[PDB]
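In what follows, every heavy atom counts, from backbone to side chain, and hydrogens, waters and symmetry copies are set aside. First the proteins, then the strands, lettered A, B, ... as listed; each starts at 1.
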Amino acid sequence: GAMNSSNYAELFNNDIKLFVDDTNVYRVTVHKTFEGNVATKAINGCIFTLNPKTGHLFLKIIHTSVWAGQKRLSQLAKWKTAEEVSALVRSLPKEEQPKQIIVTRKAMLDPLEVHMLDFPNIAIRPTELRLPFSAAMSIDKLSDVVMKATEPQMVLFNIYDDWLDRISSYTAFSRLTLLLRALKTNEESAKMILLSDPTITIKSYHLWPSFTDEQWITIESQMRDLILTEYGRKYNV
Amino acid sequence: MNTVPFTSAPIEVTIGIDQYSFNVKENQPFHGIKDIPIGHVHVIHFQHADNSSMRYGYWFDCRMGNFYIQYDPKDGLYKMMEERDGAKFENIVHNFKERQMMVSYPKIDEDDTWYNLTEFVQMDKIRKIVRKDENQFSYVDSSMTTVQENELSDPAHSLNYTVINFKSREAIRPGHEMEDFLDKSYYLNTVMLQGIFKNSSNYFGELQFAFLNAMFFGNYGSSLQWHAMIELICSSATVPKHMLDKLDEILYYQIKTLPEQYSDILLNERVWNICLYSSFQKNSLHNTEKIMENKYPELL
């Protein structure tokens with residue numbers, strides 16, 4: 001059934017699984033019309049489909065053209081997400097197909113289940129975890145490729161850069177969730193922390209700065225401090 | 001007006017005949033039920049005083065043969081049997097009627113309740129849902145599972161209701177996933193009505209039979225089937241107007257007849273709230289919505 005703190009290690013076993021997050025699929029700016037009414041203007045979105053074991057990200061860019069002339073876009077977005085995930089699984093060779101897909105939002109379960117009826121051996125699961133994958137659009141290079149897209153496009157990334165050379169998936173996923181939780185809670189502070197020291201660069205083929213092991217400990221500490229402060233302010237405690 | 005004579009009543013039992021019921025004492029001189037209206041199916045049902053577990057009974061049509069009940073002290077139940085000897089039968093019933101040993105099917109002249117509950121139910125369709133082809137009558141009880149229930153364990157003793165599953169390839173055309181899931185008209189009209197039932201009369205017959213098995217035997221799988229067939233129509237944007245009108249009448253009489261104290265287990269909150277207040281047909285069931293609101297406002 002549901003993925004939670006109890007079964008957290010299952011993410012890093014040898015069963016291929018994907019997380020699917022649909023929180024950035026349908027994105028709008030709300031604005032005033034000339035007549036003083038409110039209208040939305042969609043901007044480009046993305047499906048965030050992540051192998052938590054390998055760090056492989058299947059970033060399907062959702063171009064604003066997919067919403068042209070469509071009604072009930074927040075509902076369509078869930079079905080569009082399920083159609084694209086289904087398309088992705090069918091495009092993979094059998095031995096690369098996930099055995100499980102975990103949706104970050106429960107509203108994705110029925111749309112994905114219906115789109116995956118051809119795959120009765122692929123388990124579709126919710127999670128009780130509050131995963132910060134919505135902050136994926138706070139990663140500059142992911143945001144950049146989404147906003148520049150002029151057509152539907154799949155872009156492949158390793159969201160762990162080269163980390164798996166030095167750390168386990170479990171540790172790489174904890175670092176990722178800590179960076180995304182920080183970016184989600186206070187984007188300005190989190191981005192300040194990551195770039196401040198100018199000697200530390202992002203390699204052309206990476207998303208995050210090239211930090212030594214010791215520089216990562218310092219960065220991770222600064223991210224936890226950011227998250228606890230903001231939590232104090234949120235709840236005056 | 002036909003008769004279902006009884007050999008005897010050796011055990012104390014509540015006897016049902018359609019929507020009516022009588023208490024019979026152990027060894028009470030009871031020899032059956034007379035004046036049963038010709039032209040409808042009927043159900044004769046039983047709850048032992050000693051074991052309020054297992055309600056059970058027999059769907060039958062008096063036009064199809066001469067049926068009697070005899071207690072079997074080995075299997076411990078009242079069994080329906082057919083008497084092929086027409087003149088032995090008439091002679092037994094004549095004696096029992098002369099000795100006034102038979103209760104009279106107690107139909108009020110003005111009262112169309114049974115007709116309204118059984119309008120589309122035919123013995124020939126019952127016998128395909130309940131397979132025991134050597135008998136003209138169909139046994140049902142509280143415990144019998146449905147073919148669908150068995151898929152999720154004795155095939156012979158199953159209720160072979162039409163499988164309905166909203167998250168099945170049968171229900172969802174490839175490339176019409178969102179359309180077919182959110183609007184089940186394809187599944188209702190093409191797969192079920194034209195494909196499997198052939199017409200709305202057969203669909204309604206199965207729906208009505210599922211309700212009566214739910215109500216008279218507390219058959220849980222029957223109740224699931226009744227709700228599934230209601231929900232498939234209510235979740236369809238495109239339903240013939242005559243089907244919507246007739247559904248409103250069917251459901252009205254089902255809700256009218258339901259014992260007030262069984263609404264908690266026999267009515268699915270989600271299905272009814274969805275059918276009356278959210279669905280495509282939320283405004284197509286005036287009679288059903290008014291009786292549900294006035295009789296079961298808590299469920300909603």
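The two atoms that bring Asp118(A) and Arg169(B) nearest to each other are OD1-NH2, 2.8 Å, heavy atoms only. Summarising the geometry of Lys167(B) relative to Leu117(A), their closest heavy-atom pair is O-CD2, 3.4 Å, with the distance given to 0.1 Å.
Neither the backbone nor the side chain of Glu83(A) comes within less than 4.5 Å of any heavy atom of chain B.
Other residues, nucleotides and ligands contribute at most 12 non-hydrogen atoms within 6.0 Å of the NZ atom of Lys132(B). More than 12 heavy atoms of other residues, nucleotides or ligands shown are found within 6.0 angstrom of CZ on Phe12(A). Within 6.0 Å of OH on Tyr8(A) lie more than 12 heavy atoms contributed by other residues, nucleotides or ligands. Around the NZ atom of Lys256(B), the shell of radius 6.0 Å holds no more than 12 heavy atoms that belong to other residues, nucleotides or ligands.
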Under 3.5 Å donor-acceptor pairs involving side-chain atoms of residues 57-67 of chain A, not counting sequence neighbours:
| residue | atom | partner | partner atom | Å |
| --- | --- | --- | --- | --- |
| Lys60(A) | NZ | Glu84(A) | OE1 | 3.2 |
| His63(A) | ND1 | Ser65(A) | N | 3.2 |
| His63(A) | ND1 | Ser65(A) | OG | 2.8 |
| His63(A) | NE2 | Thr150(A) | O | 3.3 |

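Atom-to-atom distance recorded for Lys78(A):NZ and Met178(B):CE is 10.0 Å, nearest 0.5 angstrom. Put simply, CD on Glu113(A) and CZ on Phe181(B) are 8.0 Å apart, with the number rounded to the nearest 0.5 Å.
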